[PDB]
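*Asks:* Below you'll find start-v2.pdb; it's PDB, N, CA and C atoms and all ligand atoms.
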ATOM      1  N   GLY A   1     135.061 135.568 163.868
ATOM      2  CA  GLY A   1     134.245 135.759 165.053
ATOM      3  C   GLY A   1     132.761 135.734 164.747
ATOM      4  N   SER A   2     132.290 136.744 164.024
ATOM      5  CA  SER A   2     130.879 136.837 163.667
ATOM      6  C   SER A   2     130.712 137.116 162.177
ATOM      7  N   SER A   3     131.456 138.098 161.678
ATOM      8  CA  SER A   3     131.389 138.468 160.269
ATOM      9  C   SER A   3     132.359 137.632 159.441
ATOM     10  N   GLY A   4     132.265 137.762 158.121
ATOM     11  CA  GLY A   4     133.140 137.012 157.238
ATOM     12  C   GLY A   4     132.729 137.123 155.783
ATOM     13  N   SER A   5     133.596 136.662 154.888
ATOM     14  CA  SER A   5     133.319 136.716 153.458
ATOM     15  C   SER A   5     132.397 135.575 153.040
ATOM     16  N   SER A   6     131.489 135.865 152.112
ATOM     17  CA  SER A   6     130.544 134.866 151.628
ATOM     18  C   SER A   6     130.221 135.094 150.154
ATOM     19  N   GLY A   7     130.261 134.018 149.373
ATOM     20  CA  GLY A   7     129.972 134.121 147.954
ATOM     21  C   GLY A   7     128.537 133.757 147.629
ATOM     22  N   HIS A   8     128.223 133.684 146.339
ATOM     23  CA  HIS A   8     126.876 133.344 145.897
ATOM     24  C   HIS A   8     126.692 131.832 145.828
ATOM     25  N   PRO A   9     125.479 131.367 146.161
ATOM     26  CA  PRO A   9     125.146 129.939 146.145
ATOM     27  C   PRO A   9     125.081 129.375 144.729
ATOM     28  N   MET A  10     125.793 128.276 144.502
ATOM     29  CA  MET A  10     125.814 127.638 143.191
ATOM     30  C   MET A  10     124.946 126.383 143.184
ATOM     31  N   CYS A  11     124.240 126.164 142.079
ATOM     32  CA  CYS A  11     123.371 125.001 141.945
ATOM     33  C   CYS A  11     124.101 123.726 142.358
ATOM     34  N   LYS A  12     123.434 122.903 143.159
ATOM     35  CA  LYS A  12     124.015 121.650 143.626
ATOM     36  C   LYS A  12     124.265 120.699 142.460
ATOM     37  N   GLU A  13     123.268 120.559 141.592
ATOM     38  CA  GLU A  13     123.383 119.679 140.434
ATOM     39  C   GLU A  13     124.549 120.098 139.545
ATOM     40  N   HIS A  14     124.525 121.351 139.099
ATOM     41  CA  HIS A  14     125.580 121.877 138.241
ATOM     42  C   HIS A  14     126.618 122.637 139.060
ATOM     43  N   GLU A  15     127.687 121.945 139.443
ATOM     44  CA  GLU A  15     128.750 122.556 140.231
ATOM     45  C   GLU A  15     129.201 123.874 139.608
ATOM     46  N   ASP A  16     129.333 123.882 138.286
ATOM     47  CA  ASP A  16     129.758 125.078 137.568
ATOM     48  C   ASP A  16     128.612 125.648 136.738
ATOM     49  N   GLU A  17     127.725 126.390 137.394
ATOM     50  CA  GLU A  17     126.582 126.992 136.717
ATOM     51  C   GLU A  17     126.044 128.181 137.507
ATOM     52  N   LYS A  18     126.197 129.375 136.946
ATOM     53  CA  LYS A  18     125.728 130.592 137.595
ATOM     54  C   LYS A  18     124.210 130.572 137.758
ATOM     55  N   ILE A  19     123.753 130.619 139.005
ATOM     56  CA  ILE A  19     122.325 130.608 139.294
ATOM     57  C   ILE A  19     121.590 131.669 138.480
ATOM     58  N   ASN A  20     120.494 131.266 137.847
ATOM     59  CA  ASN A  20     119.701 132.183 137.035
ATOM     60  C   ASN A  20     118.402 132.553 137.746
ATOM     61  N   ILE A  21     117.721 131.547 138.284
ATOM     62  CA  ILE A  21     116.466 131.768 138.992
ATOM     63  C   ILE A  21     116.563 131.301 140.440
ATOM     64  N   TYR A  22     115.517 131.570 141.214
ATOM     65  CA  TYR A  22     115.484 131.179 142.618
ATOM     66  C   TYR A  22     114.205 130.412 142.940
ATOM     67  N   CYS A  23     114.362 129.256 143.575
ATOM     68  CA  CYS A  23     113.222 128.423 143.942
ATOM     69  C   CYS A  23     112.567 128.931 145.223
ATOM     70  N   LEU A  24     111.267 128.693 145.351
ATOM     71  CA  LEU A  24     110.522 129.125 146.528
ATOM     72  C   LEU A  24     110.146 127.933 147.403
ATOM     73  N   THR A  25     109.368 127.014 146.839
ATOM     74  CA  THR A  25     108.939 125.827 147.567
ATOM     75  C   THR A  25     110.007 125.368 148.552
ATOM     76  N   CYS A  26     111.110 124.850 148.022
ATOM     77  CA  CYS A  26     112.208 124.374 148.856
ATOM     78  C   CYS A  26     113.004 125.544 149.427
ATOM     79  N   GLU A  27     112.893 126.700 148.779
ATOM     80  CA  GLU A  27     113.603 127.894 149.222
ATOM     81  C   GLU A  27     115.102 127.761 148.968
ATOM     82  N   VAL A  28     115.460 127.455 147.725
ATOM     83  CA  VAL A  28     116.860 127.300 147.349
ATOM     84  C   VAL A  28     117.130 127.899 145.974
ATOM     85  N   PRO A  29     118.162 128.752 145.892
ATOM     86  CA  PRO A  29     118.548 129.411 144.641
ATOM     87  C   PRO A  29     119.148 128.435 143.634
ATOM     88  N   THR A  30     118.290 127.828 142.820
ATOM     89  CA  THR A  30     118.736 126.873 141.815
ATOM     90  C   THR A  30     118.548 127.428 140.407
ATOM     91  N   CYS A  31     119.219 126.813 139.439
ATOM     92  CA  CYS A  31     119.126 127.246 138.049
ATOM     93  C   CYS A  31     117.738 126.963 137.483
ATOM     94  N   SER A  32     117.559 127.253 136.199
ATOM     95  CA  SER A  32     116.278 127.033 135.536
ATOM     96  C   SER A  32     116.239 125.660 134.873
ATOM     97  N   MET A  33     117.393 125.207 134.394
ATOM     98  CA  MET A  33     117.492 123.908 133.738
ATOM     99  C   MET A  33     117.000 122.795 134.658
ATOM    100  N   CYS A  34     117.171 122.993 135.962
ATOM    101  CA  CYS A  34     116.746 122.007 136.947
ATOM    102  C   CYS A  34     115.246 122.108 137.206
ATOM    103  N   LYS A  35     114.674 123.266 136.894
ATOM    104  CA  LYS A  35     113.248 123.493 137.091
ATOM    105  C   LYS A  35     112.451 123.042 135.870
ATOM    106  N   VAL A  36     113.016 123.262 134.687
ATOM    107  CA  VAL A  36     112.360 122.876 133.443
ATOM    108  C   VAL A  36     112.864 121.523 132.954
ATOM    109  N   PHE A  37     114.104 121.198 133.302
ATOM    110  CA  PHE A  37     114.705 119.932 132.897
ATOM    111  C   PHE A  37     115.295 119.201 134.100
ATOM    112  N   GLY A  38     114.553 119.194 135.203
ATOM    113  CA  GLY A  38     115.018 118.529 136.406
ATOM    114  C   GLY A  38     113.878 118.030 137.271
ATOM    115  N   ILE A  39     114.109 117.977 138.579
ATOM    116  CA  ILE A  39     113.091 117.515 139.514
ATOM    117  C   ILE A  39     112.313 118.687 140.103
ATOM    118  N   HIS A  40     112.878 119.885 139.983
ATOM    119  CA  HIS A  40     112.235 121.088 140.501
ATOM    120  C   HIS A  40     111.069 121.507 139.611
ATOM    121  N   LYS A  41     110.106 120.608 139.441
ATOM    122  CA  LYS A  41     108.937 120.884 138.615
ATOM    123  C   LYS A  41     107.748 121.299 139.475
ATOM    124  N   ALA A  42     107.507 120.549 140.546
ATOM    125  CA  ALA A  42     106.403 120.841 141.451
ATOM    126  C   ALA A  42     106.662 122.122 142.237
ATOM    127  N   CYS A  43     107.934 122.493 142.352
ATOM    128  CA  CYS A  43     108.317 123.697 143.079
ATOM    129  C   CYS A  43     107.790 124.946 142.379
ATOM    130  N   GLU A  44     108.114 126.110 142.934
ATOM    131  CA  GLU A  44     107.673 127.377 142.364
ATOM    132  C   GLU A  44     108.836 128.359 142.253
ATOM    133  N   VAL A  45     109.371 128.499 141.044
ATOM    134  CA  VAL A  45     110.488 129.405 140.803
ATOM    135  C   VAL A  45     109.994 130.797 140.424
ATOM    136  N   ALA A  46     110.775 131.813 140.778
ATOM    137  CA  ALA A  46     110.419 133.193 140.473
ATOM    138  C   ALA A  46     111.568 133.916 139.781
ATOM    139  N   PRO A  47     111.266 135.085 139.196
ATOM    140  CA  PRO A  47     112.262 135.898 138.491
ATOM    141  C   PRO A  47     113.276 136.524 139.442
ATOM    142  N   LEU A  48     114.365 135.805 139.694
ATOM    143  CA  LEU A  48     115.412 136.290 140.587
ATOM    144  C   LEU A  48     115.601 137.797 140.437
ATOM    145  N   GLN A  49     115.394 138.295 139.222
ATOM    146  CA  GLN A  49     115.539 139.719 138.946
ATOM    147  C   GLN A  49     115.003 140.555 140.105
ATOM    148  N   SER A  50     113.733 140.351 140.437
ATOM    149  CA  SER A  50     113.099 141.089 141.524
ATOM    150  C   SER A  50     112.497 140.134 142.550
ATOM    151  N   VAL A  51     111.756 139.143 142.064
ATOM    152  CA  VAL A  51     111.125 138.161 142.938
ATOM    153  C   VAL A  51     110.108 138.821 143.862
ATOM    154  N   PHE A  52     109.159 139.540 143.271
ATOM    155  CA  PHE A  52     108.126 140.223 144.041
ATOM    156  C   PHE A  52     107.014 139.256 144.437
ATOM    157  N   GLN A  53     106.254 139.625 145.463
ATOM    158  CA  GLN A  53     105.160 138.790 145.943
ATOM    159  C   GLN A  53     104.334 138.254 144.778
ATOM    160  N   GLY A  54     103.741 137.079 144.970
ATOM    161  CA  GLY A  54     102.933 136.476 143.926
ATOM    162  C   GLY A  54     103.729 135.531 143.049
ATOM    163  N   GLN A  55     103.182 134.342 142.816
ATOM    164  CA  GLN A  55     103.849 133.343 141.990
ATOM    165  C   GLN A  55     103.726 133.690 140.510
ATOM    166  N   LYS A  56     104.763 133.367 139.744
ATOM    167  CA  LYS A  56     104.773 133.643 138.312
ATOM    168  C   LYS A  56     105.129 132.390 137.518
ATOM    169  N   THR A  57     104.555 131.259 137.917
ATOM    170  CA  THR A  57     104.812 129.993 137.243
ATOM    171  C   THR A  57     103.541 129.436 136.613
ATOM    172  N   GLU A  58     103.452 129.526 135.290
ATOM    173  CA  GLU A  58     102.287 129.031 134.567
ATOM    174  C   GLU A  58     102.682 127.931 133.586
ATOM    175  N   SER A  59     103.732 128.186 132.812
ATOM    176  CA  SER A  59     104.209 127.220 131.830
ATOM    177  C   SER A  59     104.933 126.063 132.511
ATOM    178  N   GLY A  60     104.488 124.843 132.227
ATOM    179  CA  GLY A  60     105.104 123.671 132.820
ATOM    180  C   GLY A  60     104.218 123.015 133.859
ATOM    181  N   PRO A  61     103.767 121.786 133.568
ATOM    182  CA  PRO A  61     102.900 121.025 134.472
ATOM    183  C   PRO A  61     103.633 120.564 135.727
ATOM    184  N   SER A  62     102.882 120.348 136.801
ATOM    185  CA  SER A  62     103.462 119.907 138.065
ATOM    186  C   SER A  62     103.270 118.405 138.256
ATOM    187  N   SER A  63     104.365 117.709 138.547
ATOM    188  CA  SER A  63     104.319 116.265 138.750
ATOM    189  C   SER A  63     104.257 115.928 140.238
ATOM    190  N   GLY A  64     103.803 114.716 140.544
ATOM    191  CA  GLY A  64     103.702 114.291 141.928
ATOM    192  C   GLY A  64     104.805 114.866 142.793
TER     193      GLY A  64
HETATM  194 ZN    ZN B 101     112.769 123.548 144.519
HETATM  195 ZN    ZN B 102     120.886 123.219 138.118
END
Could you express the structure from this file as C-alpha cells?
*Replies:*
Amino acid sequence: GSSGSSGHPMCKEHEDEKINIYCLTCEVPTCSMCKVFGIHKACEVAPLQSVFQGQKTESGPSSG
C-alpha cells in the first residue's frame, strides 16, 4: 500500500560492490573506485560515515 521493505543502493557499475562513499553532484550513493577510477571525477564525494556540510574533496583533479 504505502510502506514496504527496502535495501541499500548498490553501485550501478559494480553490481556486487558494497557502497563505500556517497556522491553529491549527481546525488547517488556510488563506490569510491568509480570516483577515483571512474567517471565520477568532476563530482563531489563525501565521507558516507557522517557526510556533514562542506565538501571534503581535494585529492584528484576534475575533468571536463
Ligand atoms: Zn557522481
Ligand atoms: Zn562503482
*Asks:* Kindly provide the residues of chain A that approach ligand ZN 102 (chain B) to within 5 Å, each paired with its closest atom pair and their distance in Å to one decimal, based on all atoms listed in the file, listed by chain and increasing number, as CSV.
*Replies:*
residue,atom,partner,partner_atom,distance
A:11,CA,B:ZN102,ZN,4.9
A:13,CA,B:ZN102,ZN,4.9
A:14,N,B:ZN102,ZN,4.2
A:31,N,B:ZN102,ZN,4.2
A:34,N,B:ZN102,ZN,4.3
*Asks:* Report as a list in words which protein, DNA and RNA residues come within 6 Å of ligand ZN 101 (chain B), using only C-alpha atoms and all ligand atoms.
*Replies:*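 So the residues close to ligand ZN 101 (chain B) are residues 23, 25, 26, 40 and 43 of chain A.
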*Asks:* Which residues, named as in the file, does the PyMOL selection byres (((chain A and resi 22) around 8) and not hetatm) pick out? Answer as a PyMOL selection string.
*Replies:* chain A and resi 19-21+23-25+27-32+44-49
*Asks:* I'd like to know which residues of chain A are helix (DSSP H, G or I) (by DSSP, run on the backbone); could you write them as a VMD selection string?
*Replies:* chain A and resid 33 to 36
*Asks:* To one decimal place, how far is CA of residue 35 (chain A) from atom N of residue 8 (chain A) in Å?
*Replies:* 20.3 Å
*Asks:* Quick one, how far is atom N of residue 56 (chain A) from atom N of residue 42 (chain A)?
*Replies:*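 So the answer is 13.1 Å.
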*Asks:* Just the number, please: distance in Å from CA of residue 50 (chain A) to CA of residue 9 (chain A), one decimal.
*Replies:*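 CA of residue 9 (chain A) lies 17.1 Å from CA of residue 50 (chain A).
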*Asks:* Go through chain A and collect every residue that DSSP, computed from the backbone, puts in strand (DSSP E); the answer should be as a list in words.
*Replies:*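 So the strand (DSSP E) residues in chain A would be residues 22, 23, 45 and 46 of chain A.
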*Asks:* What residues come out when you apply the PyMOL selection byres (((chain A and resi 63 and name CA) around 9) and not hetatm and name CA) to this file, written as a list in words?
*Replies:*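 Going through the file, the PyMOL selection byres (((chain A and resi 63 and name CA) around 9) and not hetatm and name CA) ends up selecting residues 39, 41, 42, 61, 62 and 64 of chain A.
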*Asks:* Hey, could you pull the box centre and edge lengths for region 24-37 of chain A, axis-aligned, 4 Å padding per side, all listed atoms, to one decimal in Å, as JSON?
*Replies:*
{"center_x": 114.1, "center_y": 124.3, "center_z": 141.2, "size_x": 18.3, "size_y": 18.2, "size_z": 24.5}
